[PDB]
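Chemist: Please find one structure pasted underneath; my questions will follow.
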2 protein chains.
Amino acid sequence: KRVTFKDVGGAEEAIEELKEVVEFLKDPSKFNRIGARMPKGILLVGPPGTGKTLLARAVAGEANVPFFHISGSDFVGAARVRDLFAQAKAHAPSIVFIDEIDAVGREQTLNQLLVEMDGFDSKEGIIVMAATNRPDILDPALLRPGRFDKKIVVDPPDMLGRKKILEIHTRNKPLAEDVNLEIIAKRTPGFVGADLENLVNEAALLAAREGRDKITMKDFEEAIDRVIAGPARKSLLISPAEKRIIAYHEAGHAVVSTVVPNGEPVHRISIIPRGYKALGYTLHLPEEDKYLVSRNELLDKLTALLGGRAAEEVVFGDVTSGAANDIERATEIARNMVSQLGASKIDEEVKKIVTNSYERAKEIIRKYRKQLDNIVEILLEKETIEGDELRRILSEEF
Amino acid sequence: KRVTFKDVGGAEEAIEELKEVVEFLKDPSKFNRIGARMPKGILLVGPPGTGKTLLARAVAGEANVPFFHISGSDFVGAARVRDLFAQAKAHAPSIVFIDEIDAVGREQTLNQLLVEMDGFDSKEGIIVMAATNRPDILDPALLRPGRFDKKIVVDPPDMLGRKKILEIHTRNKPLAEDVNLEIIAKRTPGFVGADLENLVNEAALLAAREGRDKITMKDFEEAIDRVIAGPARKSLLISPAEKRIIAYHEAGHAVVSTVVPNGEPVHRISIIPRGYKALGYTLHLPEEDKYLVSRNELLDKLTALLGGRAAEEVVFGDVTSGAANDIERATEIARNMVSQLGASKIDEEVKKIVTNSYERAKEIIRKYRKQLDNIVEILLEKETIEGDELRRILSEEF
Ligand SMILES: Nc1ncnc2c1ncn2[C@@H]1O[C@H](COP(=O)(O)OP(=O)(O)OP(=O)(O)O)[C@@H](O)[C@H]1O
Ligand SMILES: Nc1ncnc2c1ncn2[C@@H]1O[C@H](COP(=O)(O)OP(=O)(O)OP(=O)(O)O)[C@@H](O)[C@H]1O
Ligand SMILES: [Mg+2]
Ligand SMILES: [Mg+2]
Ligand SMILES: [Zn+2]
Ligand SMILES: [Zn+2]
């Protein structure tokens, strides 16, 4: 089946990134005449079910060109790679797509892929795309210049994103007049596009089982219960009790950052992760992102990184998996600080730095408990605060 | 012989699940006109003698369609699978049934089955069904999307279920006026439908041996003794001494869950198992069923999982097979907790977590011994507590 960008919801930034690829595929001479050099490979990274394959297929739909694809889960291997690149060259304007590249990137197939990347001319309109959900186990040889060197992140949808996906999959189905898709979206936090597609099918089976020719509001609400429990369950959602722990953890990061003099400005607070760091990816990038290394700015960074864990212990006396990851990162930063700012005595010094920074964050939480509570109440009602509203809220408080 | 849903007793939930299949088989256009997509395969799981084959045969009776079936115990193999699917297509509205699929799911027959599943069109009213009592040894390739992906559980009958089965098999036999089928049902805990069918035949042989033309009450009571002992025995039943150990084990789970702050609500307590977890099935599903991983909720889950074993040691000083399984599951959860919340030193940490949780459960049992005794007395008289009665009982106590 053929798809375009009208079949994708909640991926505005990725579509903005891929507009350039579409334009290049439509007419390469415009890029060639001014000496603009396009990348040879593009990598898509994201959690399962977020729609990487759908985006790859929709890119070819917008600019109608041949689409040659292979899957890494099906891996004679070196000969199959050779044939794929030969078809693309005979139809110069086209796309080559490799799905699940982590399953193959045994050593003969990888070597053949590197030979093919260096052997084709990009000026005639050939691009290579790949997708994965385990980017941190890829061979470093694939990420050198002249190879896959552009990365695009795909994120789970928010409330307004979930509503758009529901409308895409119900435009060919008859609905009653009591159906409110906005209410349904508010009751499925944590769902991804694949989960929402399965939910619509379940509601249609309940109506057909009774002979009705329309789907009603109660069909949708009963379908939610059937997909989260039982011998055949497919989806997970965030319950109201779990929502309170997550809200306090996110607010703890923002409060501590605003108080320390060297902290970074806060632009968005949400219950759903959005960044590549929030998803737990390093992407083979150095941890240090500053030109200058100084003691005061490193200590402030450590204290803010422990704000989420400090809020959990002071309010609930508990610890989550996210908090355990945060203290693992902080130990790596402290180890690098000791060797740059001045075997068993080194460990004692690292343990002292982390312990002191954790106590500092806990005393900030206690002093600003009233401000922390106010942010949590607003977050539990809208699920996301950003833009001018966040600026005003942070100014009225503090 | 032809059967329908009137020949099945004590399987209300399975019949509710299969009503949709019956409706689809009767008229596919109603499902097609609104875009409702039916599953391609359905799997039935349960202990031997519970009536999986009977349910499969009764599905075809309610919607009179051709019924093509094969048995896995009779396994040239690839050619027999090819012929079975060819007959169904020529009679589009029909059923294909594979019995004892674990005996075959040597590698050529399995490959042919996967080719047939992907080659037929579901929109014309074709469904595939299978049954097994060893679901945990099935090849994972059969459970992927587009293949067998819906599961239905069949459970042993309770007291009211046993009474219904006895009435089904005595409606064509002459009975005396002193026969009370309700009393007979109370004296056969642990029997399944196959056992009860054999019991009725035994009572009819005792009457015929004396030339009588009616079956009396004492014929039924003598038949029970003849099927549980001797060189030719067929059935097992729970004795009054064994009933007390089982009652204390089940009540131990419920008491501990109600006391810990993060425990789950209790809705039903019974002497007969009812769930797929209570039957010892994993069904290839992840153990973790929560969106968020936290320390406090994991420890509470571990303590409640050991409540049954703690009651046995404090009241009787004994251990059963069910208790041994419970402590085997708890060790797997503890191992995963250590690697997520923070080679020989890892084992010492796992052993410490399990030991601490077991001591916690034992001290709860001692403090609430009076409440534990009261629940056991009611359970030994009715065999099952649920609904509003359980809510009231749990509220008067505690
Ligand atoms: N943003 C979206 N809008 C609409 N449908 C979506 C979206 N994301 C996912 N889907 C639905 O999810 C279905 C399957 O997801 P898809 O295979 O595209 O995701 P993926 O990230 O490639 O998955 P995986 O990691 O499992 O390979 C698609 O057929 C599409 O119907
Ligand atoms: N719920 C029931 N109601 C009535 N009869 C039943 C019921 N369950 C089983 N039976 C009787 O059990 C007899 C044999 O059981 P059946 O073969 O249907 O069970 P099964 O689960 O397929 O067994 P197995 O695992 O041995 O293959 C059937 O002929 C039927 O008479
Ligand atoms: Mg994919
Ligand atoms: Mg059978
Ligand atoms: Zn955090
Ligand atoms: Zn138990």
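If you're wondering about the labels, chains in the structure tokens are A, B, ... by order shown, residues count from 1 in each chain, ligands from 1 in order shown.
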Could you pull the residues within 10 Å of residue 257 in chain A, counting only C-alpha atoms, minus those fewer than 2 positions along the same chain, as a VMD selection string?
Modeler: chain A and resid 252 to 255 259 to 266 300 to 301 303 to 305 307
Chemist: Selected residues, N, CA, C and O atoms, written as a compact mmCIF listing (two decimals), in the first residue's frame, please.
Modeler:
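As a result, result_36.txt now contains:
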# COMPACT_ATOMS: atom_id res chain seq x y z
N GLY A 252 11.32 17.93 40.23
CA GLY A 252 12.53 18.07 41.02
C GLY A 252 13.72 18.54 40.20
O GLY A 252 14.55 19.30 40.69
N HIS A 253 13.81 18.08 38.95
CA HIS A 253 14.89 18.53 38.08
C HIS A 253 14.78 20.02 37.79
O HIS A 253 15.79 20.74 37.78
N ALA A 254 13.56 20.51 37.55
CA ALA A 254 13.38 21.90 37.14
C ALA A 254 13.62 22.86 38.29
O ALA A 254 14.18 23.94 38.10
N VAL A 255 13.19 22.50 39.50
CA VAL A 255 13.34 23.40 40.64
C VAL A 255 14.81 23.60 40.98
O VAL A 255 15.26 24.72 41.24
N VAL A 259 17.55 27.19 40.76
CA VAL A 259 18.09 27.77 41.98
C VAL A 259 19.61 27.91 41.92
O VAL A 259 20.15 28.92 42.38
N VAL A 260 20.31 26.94 41.36
CA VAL A 260 21.78 27.02 41.33
C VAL A 260 22.21 28.11 40.36
O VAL A 260 21.58 28.26 39.30
N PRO A 261 23.25 28.88 40.67
CA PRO A 261 23.62 30.00 39.78
C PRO A 261 24.05 29.56 38.39
O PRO A 261 23.81 30.30 37.43
N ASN A 262 24.67 28.40 38.25
CA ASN A 262 25.20 27.95 36.96
C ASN A 262 24.28 26.96 36.25
O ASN A 262 24.70 26.32 35.29
N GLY A 263 23.03 26.83 36.70
CA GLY A 263 22.11 25.91 36.08
C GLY A 263 21.66 26.38 34.71
O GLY A 263 21.83 27.54 34.31
N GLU A 264 21.07 25.45 33.96
CA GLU A 264 20.60 25.76 32.62
C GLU A 264 19.12 26.14 32.63
O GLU A 264 18.36 25.67 33.48
N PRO A 265 18.70 26.99 31.70
CA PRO A 265 17.29 27.38 31.66
C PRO A 265 16.39 26.22 31.29
O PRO A 265 16.78 25.30 30.56
N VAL A 266 15.17 26.26 31.80
CA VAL A 266 14.17 25.21 31.58
C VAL A 266 13.14 25.75 30.60
O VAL A 266 12.59 26.84 30.79
N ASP A 300 27.62 22.32 39.90
CA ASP A 300 26.22 22.69 39.71
C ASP A 300 25.51 21.71 38.78
O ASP A 300 24.33 21.40 38.98
N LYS A 301 26.21 21.22 37.76
CA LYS A 301 25.62 20.22 36.87
C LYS A 301 25.33 18.92 37.62
O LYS A 301 24.29 18.29 37.38
N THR A 303 24.65 18.58 40.88
CA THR A 303 23.55 18.76 41.82
C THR A 303 22.20 18.72 41.12
O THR A 303 21.24 18.13 41.63
N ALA A 304 22.10 19.34 39.94
CA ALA A 304 20.83 19.34 39.21
C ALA A 304 20.50 17.96 38.66
O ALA A 304 19.33 17.61 38.53
N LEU A 305 21.52 17.16 38.34
CA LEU A 305 21.29 15.82 37.83
C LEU A 305 20.73 14.88 38.89
O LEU A 305 20.20 13.82 38.55
N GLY A 307 18.45 16.00 41.23
CA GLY A 307 17.25 16.60 41.79
C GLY A 307 16.05 15.67 41.78
O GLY A 307 15.23 15.70 42.70
Chemist: Residues of chain B near chain A: apply a cut-off of 6 Å, count only C-alpha atoms, and supply the list as a list in words.
Modeler: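 Every residue of chain B that passes the 6 Å test is in residues 20, 31, 36, 293, 294, 295 and 341 of chain B.
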Chemist: Compile the contact shell of range 273-289 of chain A as a PyMOL selection string: residues with an atom at most 7 Å away, counting only C-alpha atoms, same-chain residues fewer than 5 positions apart removed.
Modeler: chain A and resi 135-136+153+155
Chemist: With N, CA, C and O atoms retained, write the just-selected residues as an mmCIF file, in the first residue's frame.
Modeler:
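What landed in again_7.cif:
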data_model
loop_
_atom_site.group_PDB
_atom_site.id
_atom_site.type_symbol
_atom_site.label_atom_id
_atom_site.label_comp_id
_atom_site.auth_asym_id
_atom_site.auth_seq_id
_atom_site.Cartn_x
_atom_site.Cartn_y
_atom_site.Cartn_z
ATOM 1 N N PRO A 135 20.666 1.710 19.161
ATOM 2 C CA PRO A 135 21.769 2.405 18.475
ATOM 3 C C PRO A 135 23.126 2.248 19.142
ATOM 4 O O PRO A 135 24.144 2.488 18.483
ATOM 5 N N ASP A 136 23.185 1.853 20.409
ATOM 6 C CA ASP A 136 24.435 1.879 21.156
ATOM 7 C C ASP A 136 25.279 0.622 20.981
ATOM 8 O O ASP A 136 26.358 0.534 21.575
ATOM 9 N N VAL A 153 15.732 11.521 15.502
ATOM 10 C CA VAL A 153 15.112 10.867 16.650
ATOM 11 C C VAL A 153 13.598 10.887 16.492
ATOM 12 O O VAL A 153 13.016 11.902 16.087
ATOM 13 N N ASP A 155 10.022 10.165 18.599
ATOM 14 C CA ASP A 155 9.582 10.203 19.985
ATOM 15 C C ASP A 155 8.160 9.680 20.153
ATOM 16 O O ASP A 155 7.365 9.677 19.207
#
Chemist: Env of residue 217 in chain A: 12 Å cut, atoms = only C-alpha atoms, seq-sep filter 3 positions within chain, self excluded. Answer as a list in words.
Modeler: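 Returned residues: residues 175, 176, 177, 178, 179, 180, 181, 182, 183, 184, 200, 203, 204, 206, 207, 214, 220, 221, 222, 223 and 224 of chain A.
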Chemist: Can I get the residues close to ligand 2 as a list in words, where close means within 6 Å and we count only C-alpha atoms and all ligand atoms?
Modeler: residues 7, 8, 9, 10, 48, 49, 50, 51, 52, 53, 54, 165, 193 and 194 of chain B
Chemist: Once you have the residues from the selection above, write them out as an mmCIF file, in the first residue's frame, restricted to N, CA and C atoms.
Modeler:
data_model
loop_
_atom_site.group_PDB
_atom_site.id
_atom_site.type_symbol
_atom_site.label_atom_id
_atom_site.label_comp_id
_atom_site.auth_asym_id
_atom_site.auth_seq_id
_atom_site.Cartn_x
_atom_site.Cartn_y
_atom_site.Cartn_z
ATOM 1 N N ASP B 7 -24.530 -28.915 25.454
ATOM 2 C CA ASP B 7 -23.819 -30.088 25.939
ATOM 3 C C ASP B 7 -22.563 -29.732 26.723
ATOM 4 N N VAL B 8 -22.382 -28.462 27.075
ATOM 5 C CA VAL B 8 -21.202 -27.994 27.788
ATOM 6 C C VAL B 8 -21.641 -27.375 29.108
ATOM 7 N N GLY B 9 -20.915 -27.683 30.168
ATOM 8 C CA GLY B 9 -21.227 -27.154 31.486
ATOM 9 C C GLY B 9 -20.017 -26.540 32.152
ATOM 10 N N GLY B 10 -20.240 -25.403 32.808
ATOM 11 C CA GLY B 10 -19.191 -24.744 33.564
ATOM 12 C C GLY B 10 -18.108 -24.074 32.747
ATOM 13 N N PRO B 48 -5.869 -31.752 30.878
ATOM 14 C CA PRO B 48 -6.557 -32.826 30.150
ATOM 15 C C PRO B 48 -7.921 -33.142 30.747
ATOM 16 N N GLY B 49 -8.871 -33.459 29.870
ATOM 17 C CA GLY B 49 -10.204 -33.840 30.285
ATOM 18 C C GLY B 49 -11.156 -32.700 30.562
ATOM 19 N N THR B 50 -10.775 -31.461 30.256
ATOM 20 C CA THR B 50 -11.613 -30.305 30.546
ATOM 21 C C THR B 50 -12.586 -29.960 29.424
ATOM 22 N N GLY B 51 -12.421 -30.533 28.234
ATOM 23 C CA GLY B 51 -13.394 -30.356 27.172
ATOM 24 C C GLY B 51 -13.019 -29.377 26.075
ATOM 25 N N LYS B 52 -11.748 -29.369 25.666
ATOM 26 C CA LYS B 52 -11.329 -28.505 24.564
ATOM 27 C C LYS B 52 -11.869 -29.008 23.227
ATOM 28 N N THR B 53 -11.736 -30.312 22.974
ATOM 29 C CA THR B 53 -12.271 -30.889 21.746
ATOM 30 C C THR B 53 -13.784 -30.735 21.684
ATOM 31 N N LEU B 54 -14.456 -30.879 22.828
ATOM 32 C CA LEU B 54 -15.902 -30.702 22.865
ATOM 33 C C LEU B 54 -16.296 -29.279 22.484
ATOM 34 N N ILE B 165 -22.946 -30.596 34.922
ATOM 35 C CA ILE B 165 -22.438 -31.656 34.057
ATOM 36 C C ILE B 165 -23.145 -32.974 34.347
ATOM 37 N N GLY B 193 -14.753 -33.015 33.855
ATOM 38 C CA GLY B 193 -15.891 -33.502 33.093
ATOM 39 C C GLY B 193 -15.735 -34.943 32.647
ATOM 40 N N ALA B 194 -14.514 -35.337 32.278
ATOM 41 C CA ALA B 194 -14.282 -36.716 31.862
ATOM 42 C C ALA B 194 -14.505 -37.691 33.013
#
Chemist: Any idea what's packed within 12 Å of range 144-146 of chain A, counting only C-alpha atoms, ignoring anything in its chain fewer than 3 positions away? Could you give it as JSON, numbers by chain?
Modeler: {"A": [37, 38, 39, 40, 41, 42, 114, 115, 116, 117, 118, 119, 120, 121, 122, 128, 138, 139, 140, 141, 149, 150, 284]}
Chemist: I'd like the contact shell of residue 358 in chain A - 8 Å cut-off, only C-alpha atoms, skipping same-chain residues fewer than 4 positions apart - returned as an NGL selection string.
Modeler: :A and (303 or 306 or 310 or 354 or 362)
Chemist: So that I can check the surroundings of residue 380 in chain A, please list as an MDAnalysis selection string every protein, DNA and RNA residue that reaches within 12 Å of it, counting only C-alpha atoms and ignoring chain neighbours fewer than 2 positions away.
Modeler: chainID A and resid 186 189 239:248 250:251 269:271 373:378 382:385
Chemist: Would you tabulate, counting only C-alpha atoms and all ligand atoms, all residues of chain B that have an atom at most 12 Å from an atom of ligand 4, showing the closest pair of atoms and their distance in Å to one decimal, sorted by chain then ascending number, as CSV?
Modeler:
residue,atom,partner,partner_atom_place_in_ligand_line,distance
B:44,CA,ligand 4,1 (Mg),10.6
B:45,CA,ligand 4,1 (Mg),10.8
B:46,CA,ligand 4,1 (Mg),10.3
B:47,CA,ligand 4,1 (Mg),10.1
B:48,CA,ligand 4,1 (Mg),7.5
B:49,CA,ligand 4,1 (Mg),7.3
B:50,CA,ligand 4,1 (Mg),8.8
B:51,CA,ligand 4,1 (Mg),7.1
B:52,CA,ligand 4,1 (Mg),6.2
B:53,CA,ligand 4,1 (Mg),4.8
B:54,CA,ligand 4,1 (Mg),7.9
B:55,CA,ligand 4,1 (Mg),10.0
B:56,CA,ligand 4,1 (Mg),9.6
B:57,CA,ligand 4,1 (Mg),10.6
B:69,CA,ligand 4,1 (Mg),11.9
B:70,CA,ligand 4,1 (Mg),11.4
B:71,CA,ligand 4,1 (Mg),9.1
B:72,CA,ligand 4,1 (Mg),10.5
B:73,CA,ligand 4,1 (Mg),10.5
B:97,CA,ligand 4,1 (Mg),11.4
B:98,CA,ligand 4,1 (Mg),10.3
B:99,CA,ligand 4,1 (Mg),6.8
B:100,CA,ligand 4,1 (Mg),7.3
B:101,CA,ligand 4,1 (Mg),10.8
B:130,CA,ligand 4,1 (Mg),10.2
B:131,CA,ligand 4,1 (Mg),7.6
B:132,CA,ligand 4,1 (Mg),8.1
B:133,CA,ligand 4,1 (Mg),9.2
B:194,CA,ligand 4,1 (Mg),10.8
Chemist: Now that the selection is made, can you save its residues with C-alpha atoms as a compact mmCIF listing (two decimals), in the first residue's frame?
Modeler:
# COMPACT_ATOMS: atom_id res chain seq x y z
CA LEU B 44 -7.23 -23.38 23.49
CA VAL B 45 -5.20 -24.25 26.59
CA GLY B 46 -6.20 -26.30 29.62
CA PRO B 47 -5.64 -29.45 31.68
CA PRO B 48 -6.56 -32.83 30.15
CA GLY B 49 -10.20 -33.84 30.29
CA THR B 50 -11.61 -30.30 30.55
CA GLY B 51 -13.39 -30.36 27.17
CA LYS B 52 -11.33 -28.50 24.56
CA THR B 53 -12.27 -30.89 21.75
CA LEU B 54 -15.90 -30.70 22.87
CA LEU B 55 -15.86 -26.90 22.62
CA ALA B 56 -14.26 -27.05 19.17
CA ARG B 57 -16.96 -29.47 18.00
CA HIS B 69 -9.84 -31.75 11.48
CA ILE B 70 -6.53 -33.56 11.95
CA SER B 71 -4.70 -34.94 14.98
CA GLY B 72 -1.08 -34.26 15.86
CA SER B 73 -0.65 -37.65 17.54
CA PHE B 97 -9.03 -27.73 13.53
CA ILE B 98 -5.61 -29.06 14.56
CA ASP B 99 -5.66 -31.19 17.70
CA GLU B 100 -2.57 -31.62 19.89
CA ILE B 101 -0.51 -29.08 17.95
CA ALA B 130 -5.88 -25.60 17.81
CA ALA B 131 -5.70 -27.14 21.27
CA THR B 132 -2.95 -28.24 23.65
CA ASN B 133 -2.19 -28.89 27.31
CA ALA B 194 -14.28 -36.72 31.86
Chemist: Could you pull out the alpha helix (DSSP H) residues of range 76-165 of chain B, going by DSSP on the backbone, and write them as a PyMOL selection string?
Modeler: chain B and resi 77-90+107-117+159-165
Chemist: Calculate how many Å separate CA of residue 299 in chain B from CA of residue 370 in chain B, rounding to one decimal.
Modeler: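 Interatomic distance here is 25.4 Å.
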Chemist: Do you have the CA of residue 64 in chain B-CA of residue 105 in chain B distance handy?
Modeler: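 For CA of residue 64 in chain B relative to CA of residue 105 in chain B, the distance reads 29.2 Å.
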Chemist: Of the candidates A:292, A:127, A:78, A:152, which one gets nearest to residue 340 in chain A if we count only C-alpha atoms?
Modeler: A:292
Chemist: Please compute the CA of residue 13 in chain A-CA of residue 123 in chain A distance, one decimal, in Å.
Modeler: 26.1 Å
Chemist: From the options A:168, A:326, A:315, A:103, which residue's atoms come nearest to residue 342 in chain B, counting only C-alpha atoms?
Modeler: A:326
Chemist: Tell me, which residues of range 192-340 of chain A carry DSSP strand (DSSP E or B), written as a PyMOL selection string?
Modeler: chain A and resi 215+268-270+320
Chemist: Could you turn the residues from that selection into a file that holds N, CA, C and O atoms, as a PDB file, in the first residue's frame?
Modeler:
ATOM      1  N   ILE A 215     -20.127   2.514  15.525  1.00  0.00           N
ATOM      2  CA  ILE A 215     -19.341   2.368  16.745  1.00  0.00           C
ATOM      3  C   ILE A 215     -19.714   3.497  17.694  1.00  0.00           C
ATOM      4  O   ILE A 215     -19.720   4.671  17.303  1.00  0.00           O
ATOM      5  N   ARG A 268      10.721  23.271  28.925  1.00  0.00           N
ATOM      6  CA  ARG A 268       9.599  22.358  28.765  1.00  0.00           C
ATOM      7  C   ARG A 268       9.612  21.332  29.890  1.00  0.00           C
ATOM      8  O   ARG A 268      10.669  20.805  30.243  1.00  0.00           O
ATOM      9  N   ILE A 269       8.433  21.062  30.447  1.00  0.00           N
ATOM     10  CA  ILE A 269       8.238  20.020  31.451  1.00  0.00           C
ATOM     11  C   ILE A 269       7.063  19.159  31.010  1.00  0.00           C
ATOM     12  O   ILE A 269       6.000  19.686  30.668  1.00  0.00           O
ATOM     13  N   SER A 270       7.249  17.840  31.022  1.00  0.00           N
ATOM     14  CA  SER A 270       6.219  16.937  30.531  1.00  0.00           C
ATOM     15  C   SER A 270       6.335  15.586  31.218  1.00  0.00           C
ATOM     16  O   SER A 270       7.359  15.254  31.820  1.00  0.00           O
ATOM     17  N   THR A 320      13.231   4.828  42.078  1.00  0.00           N
ATOM     18  CA  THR A 320      12.789   4.235  40.822  1.00  0.00           C
ATOM     19  C   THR A 320      13.992   3.889  39.946  1.00  0.00           C
ATOM     20  O   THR A 320      15.144   4.162  40.289  1.00  0.00           O
TER      21      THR A 320
END
